[PDB]
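Chemist: What follows is protein-v5.txt, made up of compact mmCIF, C-alpha atoms:
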# COMPACT_ATOMS: atom_id res chain seq x y z
CA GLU E 1 227.42 64.90 58.07
CA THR E 2 227.04 64.53 61.87
CA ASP E 3 224.75 61.69 63.03
CA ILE E 4 222.09 64.35 63.87
CA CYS E 5 221.40 64.43 60.09
CA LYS E 6 220.57 60.71 60.21
CA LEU E 7 217.92 61.02 62.92
CA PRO E 8 214.38 60.18 61.80
CA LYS E 9 211.83 62.80 60.99
CA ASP E 10 209.91 63.57 64.19
CA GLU E 11 206.71 65.56 63.92
CA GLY E 12 206.46 65.61 67.70
CA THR E 13 203.34 66.65 69.54
CA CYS E 14 201.64 69.82 70.71
CA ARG E 15 199.58 72.14 68.48
CA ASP E 16 201.92 75.04 67.85
CA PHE E 17 202.49 73.95 64.29
CA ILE E 18 205.46 75.21 62.41
CA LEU E 19 206.84 74.06 59.06
CA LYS E 20 210.36 72.79 59.40
CA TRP E 21 212.89 70.92 57.23
CA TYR E 22 214.69 67.66 57.93
CA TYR E 23 217.45 65.80 56.07
CA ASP E 24 216.54 62.51 54.43
CA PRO E 25 219.66 60.31 54.02
CA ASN E 26 217.90 58.11 51.53
CA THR E 27 217.31 60.91 49.07
CA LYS E 28 220.32 62.95 50.20
CA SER E 29 218.17 66.03 50.42
CA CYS E 30 215.96 67.97 52.85
CA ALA E 31 212.18 67.86 52.92
CA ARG E 32 209.43 69.73 54.78
CA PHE E 33 207.49 68.50 57.74
CA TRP E 34 205.05 69.94 60.27
CA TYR E 35 206.41 70.10 63.81
CA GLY E 36 203.94 70.42 66.65
CA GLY E 37 206.19 72.27 69.03
CA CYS E 38 207.10 69.60 71.56
CA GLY E 39 209.07 66.39 71.54
CA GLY E 40 211.18 66.71 68.44
CA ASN E 41 214.81 65.93 67.71
CA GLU E 42 217.73 67.85 66.25
CA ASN E 43 217.17 66.99 62.58
CA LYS E 44 214.97 70.03 62.29
CA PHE E 45 215.85 73.30 60.58
CA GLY E 46 214.01 76.54 59.86
CA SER E 47 214.87 76.74 56.18
CA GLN E 48 215.82 74.36 53.38
CA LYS E 49 219.04 76.30 52.84
CA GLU E 50 220.25 75.77 56.44
CA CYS E 51 219.36 72.05 56.36
CA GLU E 52 221.28 71.59 53.14
CA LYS E 53 224.39 73.41 54.41
CA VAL E 54 224.59 71.38 57.60
CA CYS E 55 223.58 67.99 56.23
CA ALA E 56 223.94 67.48 52.44
CA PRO E 57 226.96 65.85 50.90
CA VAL E 58 228.15 68.56 48.52
Could I get this structure in the form of structure tokens?

Modeler:
Amino acid sequence: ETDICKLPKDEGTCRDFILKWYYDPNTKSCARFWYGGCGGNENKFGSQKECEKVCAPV
């Protein structure tokens, strides 16, 4: 959708690890990643369902 969905996965830094989801434009679907708590970007969602609503083509 918006160009935020095309941003790269960014695991960031810091050690407050939380599992997040990001949209992968190459597979047209969201996948999980571990975010460290600092230095990420906006292609980062708390659930697969939210990532898919905001980002996926259908």

Chemist: Choose the residue, out of E:57, E:39, E:46, E:12, that has the smallest atom-to-atom separation from residue 25 (chain E); count all atoms listed in the file.

Modeler: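 Checking each of E:57, E:39, E:46, E:12 against residue 25 (chain E), counting all atoms listed in the file, the winner is E:57.
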
Chemist: Could you tell me how far CA of residue 58 (chain E) lies from CA of residue 8 (chain E), in Å and to one decimal?

Modeler: 20.9 Å

Chemist: Which residues, protein or nucleic acid, reach to within 6 Å of (224.5, 66.2, 57.1) in the file's coordinates when using only C-alpha atoms, and can you give that as an MDAnalysis selection string?

Modeler: chainID E and resid 1:2 5 54:56

Chemist: Taking C-alpha atoms for each residue, export the selection above as an mmCIF file, keeping the file's coordinate frame.

Modeler:
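Output saved as result_20.cif:
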data_model
loop_
_atom_site.group_PDB
_atom_site.id
_atom_site.type_symbol
_atom_site.label_atom_id
_atom_site.label_comp_id
_atom_site.auth_asym_id
_atom_site.auth_seq_id
_atom_site.Cartn_x
_atom_site.Cartn_y
_atom_site.Cartn_z
ATOM 1 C CA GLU E 1 227.420 64.900 58.070
ATOM 2 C CA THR E 2 227.040 64.530 61.870
ATOM 3 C CA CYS E 5 221.400 64.430 60.090
ATOM 4 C CA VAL E 54 224.590 71.380 57.600
ATOM 5 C CA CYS E 55 223.580 67.990 56.230
ATOM 6 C CA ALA E 56 223.940 67.480 52.440
#

Chemist: Could you tell me which of E:4, E:11, E:29, E:35 comes closest to residue 52 (chain E) if we count all atoms listed in the file?

Modeler: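 Counting all atoms listed in the file, the residue closest to residue 52 (chain E) is E:29.
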
Chemist: I'd like to know which of E:30, E:14, E:19, E:7 is closest to residue 42 (chain E), using all atoms listed in the file.

Modeler: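 Closest residue, counting all atoms listed in the file: E:7.
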
Chemist: From the set E:32, E:6, E:22, E:27, which residue has the shortest atom-to-atom contact distance to residue 45 (chain E), counting all atoms listed in the file?

Modeler: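 Of all the options, E:22 lies closest to residue 45 (chain E).
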
Chemist: Which value, in Å to one decimal, gives the distance between CA of residue 16 (chain E) and CA of residue 36 (chain E)?

Modeler: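 About the pair CA of residue 16 (chain E) and CA of residue 36 (chain E): they are 5.2 Å apart.
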
Chemist: Between CA of residue 15 (chain E) and CA of residue 28 (chain E), what distance in Å does the model show, to one decimal?

Modeler: 29.1 Å

Chemist: Let me make sure I understand: among E:38, E:49, E:44, E:3, which one has the smallest atom-to-atom distance to residue 20 (chain E) if we use all atoms listed in the file?

Modeler: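 Once distances to residue 20 (chain E) are computed over all atoms listed in the file, the minimum belongs to E:44.
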